[PDB]
Structures are given as C-alpha cells and as structure tokens.
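Student: Next one to model:
(chains A and B)
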There are 2 protein chains.
Amino acid sequence: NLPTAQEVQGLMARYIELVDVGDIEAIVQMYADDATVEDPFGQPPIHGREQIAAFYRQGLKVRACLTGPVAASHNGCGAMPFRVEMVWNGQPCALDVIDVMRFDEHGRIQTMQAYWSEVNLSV
Amino acid sequence: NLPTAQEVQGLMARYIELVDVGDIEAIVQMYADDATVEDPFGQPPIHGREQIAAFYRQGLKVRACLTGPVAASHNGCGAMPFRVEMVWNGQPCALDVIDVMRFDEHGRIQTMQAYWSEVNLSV
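Tutor: Numbering: from 1, shown residues only, chains lettered A, B, ... in the order given. Next up is the structure itself:
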C-alpha cells in the first residue's frame, strides 16, 4: 500500500543498501515501471525502467552510506542524507547527496530527486 | 539574484543560525512576502509573512544544529538535515528534520517544506 512513515524509512534504507552492493537489477526493480529520476535536480528527468537501468549501470566501484536518519512523512514521501565514495580517474572523491523520494500505492518509487552540485564534492 | 549553489548553502546555514537564537523577526524577513511553508510536509501550507511569523512565534526555548552539509543545486534549490532539541512538557525531546527550500530571484525563500513525522522524534 502507500507506505507508512515507518515503511518509507525501511525502503529508503534498503535503497542505500542496494547501491552499496551495486545490485543494479534490484534497484531498478524498486522503481515504478514509469518512474522519473532527477539527478542532479535541475537536469531533465529520466523516465522509465529502461532509462533508469541505463542511468544506474553507468554510475556503479562505489559505496554509499546514510549519514543521518531518513526523514519521512505520512504521504508516501521521504528524504535522506547520504555519501557516495567513488574514485574519479584514479583520484578518489566523495559526494554528499540528499535524495527526496515519493512512493506509490504499491510501495515503489514513483519519483526520485537528488540534490547536489560541485559544492558537495570533496575530491 | 537567483542564488548560486554557494549562496544557497550560506543562506540555509544562516537560517539554522537564526532559529538557534530564536530571532523570529530576522527569520520572517528571510522569506518572500508571499512564501508558503509546509511543515510538516503533508499538511496544508501557510502563506504569507503574517502567517509564517505566527507559525514561528508559536514554535520558539530551542536550539537547532545542522547535522550534515547543505545539499544545493544550481536552480535556486537546496535541502538540508538538522536537529531540533526541545523540551516537551517538562520532558526534553529531539526532532530530526530535513528542509527543502527554494529561493527566488531576490535570494528570499519562496517555498519551504519540512520532512519529518513521529518516526524522527526522540522523546
């Protein structure tokens, strides 16, 4: 159903779990067939599992961790802080993002939006 | 102007500063004359400095701190994690919120949305 505040926290924590192991298939499956992603927020959105799968294959030798609790509401919405530790062109860098997700009546991610820019990068 | 990613970070950090000291007038003035606030997200919004001033007078013996960096984008948007340490009816409690703000072409807060629920309360 539409996640409860408590379920939203669990789903989002689960999502950082999937990204940490890099299980791309399980991630894509957390989304709705026609979800949209806005990462970074301010760029045109990507729509559909096809495109999102592409989007995720492209990005993951990474580890992600939650750097604070998942803030959840009662309307199927949640936001959360986390760090992405990569290794850019030999040089290891870290990115601090904040994701805001909205789930649907099935518990799948209808829409995701990431807030970050070069001000959050530590290279 | 429309804040740069860097200015958005400074404005938002400033906003937690104001809430910590409880300078209600300076906070209200950070908003646009007709901004709207959604706190907690999922409740009807409050519109206008009049209503927002009311909203803030009502809430502040509190201290607020940032518990992670301000994630900012290039389109006048930003989000940030922070903790509110109160003292409810004799009993001291803490609330972990996540705010998402959007600034206008003057650097004022057009819209604010807070994500939190009783799952983020530690009483």
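
Student: Show me the strands in chain A, by range?
Tutor: Counting by DSSP state E, one finds strands in chain A at the ranges A:31-38, A:46-47, A:63-66, A:71-72, A:77-85, A:94-103, A:109-115, A:121-122.

Student: Can the last one be said to contact chain B?
Tutor: Just to be clear, that refers to strand A:121-122. No: using C-beta under 8 Å from any C-beta of the partner chain, strand A:121-122 stays clear of chain B, with a minimum separation of 9.6 Å. The C-beta positions use only the backbone N, C-alpha and C, and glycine is treated the same way.

Student: quick one: strands adjacent to that strand?
Tutor: strand A:94-103 (antiparallel) (DSSP bridges).

Student: Could you do the third one as well?
Tutor: When pairing is defined by DSSP bridges, strand A:63-66 lines up against strand A:77-85 (antiparallel).

Student: buried set for the strand it pairs with?
Tutor: A:77, A:78, A:79, A:80, A:81, A:82, A:83, A:84 (16 or more other C-beta atoms under 10 Å in any protein chain shown).

Student: most neighbours per residue, which of the strands of chain A?
Tutor: Ranked by mean neighbour count, the strands of chain A are led by strand A:71-72 with a mean of 32 (mean count of other C-beta atoms under 10 Å in any protein chain shown).

Student: Give the other helices and strands that that one contacts.
Tutor: helix A:5-21, strand A:77-85, strand B:94-103 (3 or more C-beta pairs under 8 Å, 6 or more residues apart in numbering or on different chains; DSSP states H and E).

Student: Listing partners with orientation, what would you give for that strand?
Tutor: Sheet pairing of strand A:71-72 (DSSP bridges) gives strand A:77-85 (antiparallel).

Student: Mind listing residues that contact the partner strand?
Tutor: Residues outside strand A:77-85 that contact it (C-beta atoms under 8 Å, 6 or more residues apart in numbering or on different chains): A:8-9, A:11-12, A:16, A:19, A:62-72, A:92-103, B:41-42, B:68, B:71, B:79, B:81, B:98, B:100, B:115.

Student: what's the distance between residue A:93 and chain B?
Tutor: Distance of residue A:93 to chain B, computed by C-beta to the nearest C-beta, to the nearest Å: 15 Å.

Student: next one: residue A:9
Tutor: Taken as C-beta to the nearest C-beta, the span from residue A:9 to chain B is 6 Å.

Student: Am I right that that residue is in contact with residue B:117?
Tutor: No: in this structure residue A:9 lies outside contact range of residue B:117 using C-beta atoms under 8 Å: 9.3 Å.

Student: Touching both of the two, which residues are there?
Tutor: Shared contacts of residue A:9 and residue B:117, defined by C-beta under 8 Å, 6+ apart, comprise residue A:72.

Student: Just want to know which of those two has more residues nearby.
Tutor: The residue with more neighbours, out of residue A:9 and residue B:117, is residue B:117; 23 against 20, by other C-beta atoms under 10 Å in any protein chain shown.
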